[PDB]
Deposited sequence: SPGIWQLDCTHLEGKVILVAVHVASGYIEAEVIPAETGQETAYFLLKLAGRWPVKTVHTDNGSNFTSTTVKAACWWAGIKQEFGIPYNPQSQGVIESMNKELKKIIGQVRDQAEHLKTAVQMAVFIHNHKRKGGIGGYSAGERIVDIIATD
């Protein structure tokens, strides 16, 4: 389903990384936030929703979504209810970037552009646009 996203937080260097994965394609978007707050989550979802047609969202930590702030963002946007990899890539480019923030966006870029390999080879980034377009 083209409207399904997965959203979780992961930790690195005492910082929090918000990671969204478009399930059908493997495409991700990430943000480094100070702390794991409901206000940060609602904001992130609002941004995601104004860019892709987000219908439902899943998470591995359900308590992530209980705040009224998050519920308010989902209601308004009309939303209903890679970490190892991303972390690896992030590990690989970490020295090239001065800040974790920058290493993370570099990792997202690398991951989304990586072609599945072979004749043609499509990346998660190509896959998401095709799936949404076709739909």
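- Gaps between the deposited sequence and the modelled structure occur only at positions 82-97.
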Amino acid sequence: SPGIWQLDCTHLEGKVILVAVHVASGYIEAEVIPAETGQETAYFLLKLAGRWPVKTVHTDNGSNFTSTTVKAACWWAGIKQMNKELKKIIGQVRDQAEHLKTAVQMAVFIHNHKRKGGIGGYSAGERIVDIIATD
From here on, numbers count along this sequence of modelled residues.
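- When the C-alpha B-factors of 31-39 and 45-53 are averaged, 31-39 comes out higher.
- For the pair 102-110 and 85-93, the record assigns the higher mean C-alpha temperature factor to 85-93.
- Per the PDB entry, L12 shows the highest C-alpha temperature factor of the residues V19, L12, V23, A124.
- Ranked by Cα temperature factor within the chain, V129 sits in the middle third according to the deposited record.
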